[PDB]
């Protein structure tokens, strides 16, 4: 039984690595769009110049 | 001679009005040209949002 419990512990750990990996991927993806917004803002300041 | 002085005062008044009206016309051309960049900035602020 302890064999099975260890197996399931590793499986739950891997699922938590899905939670972490997906969270990191989503944060990375939103950062790129933040850069796109700041690129628009930056060239807006150029036009103000 | 007093008639000539009277033509000279009318002429000075014309001089003053001609160039006040040339400045008046100039300011509106500057305003019209300044507006275009503001329109571009506002449109690009929309793209920022």
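Quick reminder, even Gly has a Cβ in these numbers, built from the backbone with ideal geometry, and neighbours come from all protein chains shown. Throughout, read-outs are computed from the coordinates displayed, never taken from laboratory work.
What to note about this one:
- 16 Å tail of the calculated P(r), the protein assembly as shown, as % of Cα pairs: 78
- Compared with the dominant Cα axis of chain A, that is its longest principal axis, helix A:2-48 is turned about 0°.
- Average silhouette area of chain B, convex hull of alpha-carbon atoms, in square nanometres: 3.1
- Rounded to two decimals, the Cα radius of gyration of chain A over 2.2 N^0.38 Å is 2.21.
- Distance between segment A:4-49 and segment B:1-26 - C-alpha centres, whole angstrom: 72
- Theoretical ellipticity at 222 nm over the protein assembly as shown - DSSP helices of four or more residues, -39500 (n - 2.57) apiece, nearest 500: -36000 deg cm²/dmol
- The simple Förster model, with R0 at 22 Å and r as the Cβ-Cβ distance, assigns residue B:42 and residue A:34 a FRET efficiency of 0.50.
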